[PDB]
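I have placed the structure first, in the form of structure tokens, so that the comments after it can refer back to it.
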Amino acid sequence: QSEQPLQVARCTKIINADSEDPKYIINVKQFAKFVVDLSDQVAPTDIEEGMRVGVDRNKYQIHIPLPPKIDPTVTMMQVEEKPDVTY
Amino acid sequence: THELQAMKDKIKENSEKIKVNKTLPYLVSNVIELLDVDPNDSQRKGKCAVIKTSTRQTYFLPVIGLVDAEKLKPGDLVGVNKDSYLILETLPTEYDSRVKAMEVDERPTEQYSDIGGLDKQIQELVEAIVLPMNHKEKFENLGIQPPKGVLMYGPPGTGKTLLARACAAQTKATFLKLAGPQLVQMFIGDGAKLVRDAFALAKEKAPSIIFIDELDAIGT
Amino acid sequence: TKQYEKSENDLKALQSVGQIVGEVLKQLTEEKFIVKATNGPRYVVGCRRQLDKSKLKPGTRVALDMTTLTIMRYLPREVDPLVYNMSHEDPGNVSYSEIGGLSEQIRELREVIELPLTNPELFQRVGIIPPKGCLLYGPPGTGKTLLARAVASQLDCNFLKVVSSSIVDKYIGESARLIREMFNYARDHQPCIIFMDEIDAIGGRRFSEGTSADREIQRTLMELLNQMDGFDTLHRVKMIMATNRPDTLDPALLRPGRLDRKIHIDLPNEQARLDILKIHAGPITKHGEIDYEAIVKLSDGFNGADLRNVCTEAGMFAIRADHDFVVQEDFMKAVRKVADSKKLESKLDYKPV
Amino acid sequence: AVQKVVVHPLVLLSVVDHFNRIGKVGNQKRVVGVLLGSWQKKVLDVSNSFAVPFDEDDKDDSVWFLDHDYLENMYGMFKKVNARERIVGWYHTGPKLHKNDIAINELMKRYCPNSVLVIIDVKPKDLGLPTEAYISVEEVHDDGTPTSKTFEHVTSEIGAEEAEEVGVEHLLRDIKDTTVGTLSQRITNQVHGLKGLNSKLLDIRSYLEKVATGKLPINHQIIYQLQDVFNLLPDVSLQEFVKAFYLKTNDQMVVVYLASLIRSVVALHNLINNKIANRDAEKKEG
Ligand SMILES: Nc1ncnc2c1ncn2[C@@H]1O[C@H](COP(=O)(O)OP(=O)(O)OP(=O)(O)O)[C@@H](O)[C@H]1O
Ligand SMILES: Nc1ncnc2c1ncn2[C@@H]1O[C@H](COP(=O)(O)OP(=O)(O)OP(=O)(O)O)[C@@H](O)[C@H]1O
């Protein structure tokens with residue numbers, strides 16, 4: 001029941017520039033760039049250049065922003081957690 | 001003579017039929033302008049421009065419809081709706097993400113007054129940046145060409161980067177932060193295409209300013 | 001008045017979906033044709049009744065229908081980037097011969113490049129072939145680019161400019177066909193001229209075998225040589241390459257053929273310093289009674305823009321003196337100081353032969 | 001202009017189904033509607049159309065009315081769904097044309113430069129490929145009449161389209177297709193003499209009737225002109241084939257030779273292989 005919404009979020013897409021407020025150019029990993037407006041559920045001021053946002057594959061409109069742009073692998077050896085070796 | 005207002009209603013009513021076709025300019029299509037006539041085999045004449053799609057497919061559609069051929073030389077970024085392949089409007093500006101704007105800097109918290117004892121060699125600095133702006137009117141009279149590049153070098157700390165940006169605070173110059181090694185990525189042809197975008201904005205925009213660092217290493 | 005409704009009827013034609021382009025290969029029969037879309041799939045499909053005999057072709061780009069995949073009308077090509085290479089311009093004629101040196105090098109590409117168009121009969125009657133390539137390196141002085149650059153647009157309005165940034169392309173770079181595309185549209189201009197600048201980057205040497213990035217460099221070189229090895233316009237087109245040092249060419253490009261002529265730059269002489277001076281005067285003017293020999297003599301072995309900087313640097317000292325002109329005593333000050341500062345940065349002028 | 005027309009079974013049915021519309025309510029005249037043509041070239045094609053209420057009085061033989069509120073807005077309907085489809089003319093089921101038909105075309109010439117009328121037939125009878133087509137021109141006349149507007153016959157031919165044979169050609173299901181090469185060509189031959197020589201007798205009796213009555217048509221001259229083109233060979237007594245006699249059998253030369261050569265080896269393929277496979281199963285079983 002909740003799988004029907006957000007099912008169209010494929011795929012993660014980066015925007016490029018803005019000529020006007022309603023319409024922005026966006027590029028997706030499919031290699032296809034998409035100009036589109038954003039849904040009334042998200043304010044236009046929250047869209048900044050280089051922001052990966054959701055999409056509706058039917059309407060191509062912006063759905064929800066996704067904070068992480070990055071990064072493939074390289075994190076697991078970078079991230080360190082839990083303590084040891086006190087003073 | 002009053003029939004102009006009568007037809008003005010049906011063109012706005014049919015422009016509303018364009019509105020539902022203008023929502024939304026669903027995808028980007030690279031534009032290539034072309035003019036050709038095909039004899040048949042009665043006669044069919046018209047202007048038709050071959051269009052691209054960023055999906056790597058290429059299509060064929062008549063000249064838009066709406067915005068005419070007056071703009072522009074073959075472009076990109078224009079919006080087009082799903083599989084109908086009609087472009088409603090030609091949309092700027094260029095691309096892409098951080099390539100368009102490397103860094104957005106308003107103004108530094110410090111000013112050129114923060115350097116002691118360097119007043120002799122700051123004048124050479126301050127001149128080359130300031131003189132093309134306010135003194136440009138005097139250059140066309142005397143035939144003076146303003147300097148472009150300036151090499152600022154010294155053993156660190158020399159306070160070079162603080163002094164550079166601080167001179168852009170009082171001159172209202174918009175600052176753009178850039179580094180030499182930032183132009184190297186896994187994918188070949190990135191930082192190289194950036195100058196094509198960067199200097200295109202140098203033609204579009206007025207200085208302002210652009211500052212880079214570590215030119216000696218990258219120039220090896 | 002009614003022209004608006006005409007555009008409204010044009011929107012009814014905009015309702016038609018665009019067809020898909022493709023490249024034909026060959027034909028099995030008249031009823032079976034083999035076409036291949038730019039995406040790479042091949043389709044054996046039927047054809048409609050409105051086409052003509054010119055559709056068949058030996059593998060010419062065509063458009064395929066969205067359902068039967070039949071060919072409607074063939075579009076020759078499409079190119080986005082071409083216009084940015086159309087706009088390159090350089091003066092001279094005179095401004096090329098005004099560079100002051102080297103004198104015989106101005107007499108080189110004059111008859112080598114510009115002459116084939118105006119008088120092609122001179123070469124074919126005697127039987128001597130014009131050179132198909134040239135190489136200009138540096139910087140013992142300046143003029144590596146300008147020497148070939150001014151004669152580039154002096155042949156005609158024809159030119160095609162190539163920047164080294166377009167060869168690297170991207171991951172799994174498809175510019176292999178763009179090097180073919182860029183040279184394809186270079187042949188749209190006749191007679192064609194080809195530039196290559198800063199090849200010390202994209203000219204990657206195979207001496208010490210590195211990452212496969214050095215291999216795809218050679219593949220881009222293959223796209224250069226292939227079309228220029230034709231089977232197509234060859235003696236008519238003039239290719240030019242430039243490098244910082246010619247150790248990057250490898251034994252292939254070091255050889256003539258591909259890179260034919262090698263030319264360096266020398267320094268001017270005395271009483272010729274007054275010649276190159278007159279063309280550097282230009283916009284900047286000074287006091288009525290003067291002798292420019294003090295100016296240029298203090299700066300020796302300098303770029304034409306460096307001497308042009310010395311003239312502006314001496315002219316930017318005028319605004320500090322709140323005068324239009326300056327006496328030559330303060331000139332030589334600003335001339336000598338800045339010039340001696342450039343000589344300490346003149347290291348690494350030694351270049352391999 | 002308009003040379004030949006292509007009438008689909010779909011648009012022709014649009015005249016036939018309207019014969020059920022006003023046929024149950026009656027009363028006089030026929031089915032009449034406005035024709036939507038598809039013109040890609042000099043050859044004319046018709047895809048769809050729309051039938052309009054129409055009546056023609058007898059008395060009052062010159063009275064006719066189309067409904068043009070039906071013609072205007074419904075055009076914007078079919079135009080919105082199909083941009084290529086436009087009105088090329090009108091139609092009706094005839095069977096023949098009264099003199100009043102001159103005024104139907106001239107009124108709608110504001111819609112199309114030349115409106116082609118299509119006479120159709122709801123009940124197939126005779127003599128062949130059905131219906132009919134006319135074009136509106138002015139030939140005046142040789143006798144000096146005031147400018148005469150008379151519809152000239154346009155050759156009509158049926159044609160097909162993709163996706164339209166789904167339901168159409170399904171419902172018959174009783175036809176044998178074809179078979180090309182054996183029965184297909186020979187049944188035509190028996191009919192080529194029938195349909196060829198019946199119009200021969202029908203016209204030669206009306207051409208004899210000319211001298212008797214019905215003159216004009218004089219014609220003139222088209223009648224005897226192409227009849228004399230038929231006269232390259234008459235063929236009359238006897239066949240005048242003295243030059244074509246040895247050539248007669250000489251065309252049958254190789255046709256009989258191959259038929260003699262093929263049946264010899266086809267037998268060698270049929271006779272041998274049958275005997276082989278037969279005795280292999282027959283005698284080895286028992
Ligand atoms: N000659 C100087 N005049 C003024 N400030 C100085 C000087 N030398 C050092 N400083 C101070 O030292 C600090 C360190 O700056 P530093 O000179 O290391 O930057 P930088 O080396 O120029 O940066 P980069 O290496 O990116 O060019 C600065 O905050 C600056 O205020
Ligand atoms: N002889 C000259 N006369 C006028 N201007 C000159 C001359 N030589 C150089 N210049 C100026 O210097 C600039 C650079 O010229 P050029 O391309 O010859 O040098 P370069 O190739 O940039 O230097 P390098 O060879 O070190 O790369 C040009 O914009 C030109 O205006």
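Ordered as shown in the structure tokens, chains take letters A, B, and onward, while each chain numbers its residues from 1 and ligands are numbered from 1 in the order shown.
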Within 7 Å of ligand 2: each chain C residue with its shortest pair, only C-alpha atoms and all ligand atoms, as a Markdown table:
| residue | atom | partner | partner_atom_place_in_ligand_line | distance |
| --- | --- | --- | --- | --- |
| C:98 | CA | ligand 2 | 3 (N) | 6.5 |
| C:99 | CA | ligand 2 | 1 (N) | 3.4 |
| C:100 | CA | ligand 2 | 1 (N) | 5.6 |
| C:101 | CA | ligand 2 | 1 (N) | 6.8 |
| C:138 | CA | ligand 2 | 25 (O) | 5.2 |
| C:139 | CA | ligand 2 | 25 (O) | 4.4 |
| C:141 | CA | ligand 2 | 25 (O) | 6.7 |
| C:142 | CA | ligand 2 | 18 (O) | 4.4 |
| C:143 | CA | ligand 2 | 18 (O) | 3.2 |
| C:144 | CA | ligand 2 | 21 (O) | 4.9 |
| C:145 | CA | ligand 2 | 17 (O) | 4.3 |
| C:146 | CA | ligand 2 | 18 (O) | 4.6 |
| C:276 | CA | ligand 2 | 1 (N) | 6.7 |
| C:279 | CA | ligand 2 | 3 (N) | 6.7 |
| C:280 | CA | ligand 2 | 4 (C) | 6.0 |
| C:303 | CA | ligand 2 | 9 (C) | 5.5 |
| C:304 | CA | ligand 2 | 8 (N) | 3.4 |
| C:305 | CA | ligand 2 | 12 (O) | 3.9 |
- Step by step, measure atom-to-atom distances between ligand 1 and each residue using only C-alpha atoms and all ligand atoms, keep those at most 6 Å, then write them as a list in words.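 Using only C-alpha atoms and all ligand atoms, I find these residues within 6 Å of ligand 1: residues 115, 156, 157, 158, 159, 160, 161 and 213 of chain B.
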Report as CSV: every residue of chain D with an atom at most 10 Å from chain C, its closest pair of atoms, and their distance in Å to one decimal, counting only C-alpha atoms, with rows sorted by chain and ascending residue number.
residue,atom,partner,partner_atom,distance
D:40,CA,C:50,CA,9.3
D:41,CA,C:50,CA,9.8
D:79,CA,C:12,CA,9.3
D:80,CA,C:12,CA,8.2
D:81,CA,C:12,CA,9.9
D:82,CA,C:12,CA,9.3
D:83,CA,C:12,CA,6.6
D:84,CA,C:13,CA,9.2
Residues near residue 22 (chain A), cut-off 9 Å, only C-alpha atoms, skip fewer than 5 positions along chain, as a short mmCIF file (atom, residue, chain, number, x, y, z; two decimals) with C-alpha atoms, in the first residue's frame:
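result_23.cif written:
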data_model
loop_
_atom_site.label_atom_id
_atom_site.label_comp_id
_atom_site.auth_asym_id
_atom_site.auth_seq_id
_atom_site.Cartn_x
_atom_site.Cartn_y
_atom_site.Cartn_z
CA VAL A 36 11.04 20.02 -15.19
CA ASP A 37 9.11 22.01 -12.62
CA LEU A 38 8.65 20.86 -9.01
CA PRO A 44 11.19 26.18 -4.90
#
- Task: For CA of residue 300 (chain C) and CA of residue 268 (chain C), determine how far apart the two atoms are, in Å to one decimal place.
- Result: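 Straight-line distance from CA of residue 300 (chain C) to CA of residue 268 (chain C) works out to 9.1 Å.
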- Running DSSP on the backbone, which parts of region 39-228 of chain C land in alpha helix (DSSP H), as a ChimeraX atom specification? /C:82-86,94-97,103-109,115-118,121-126,144-154,165-168,175-187,199-202,213-228
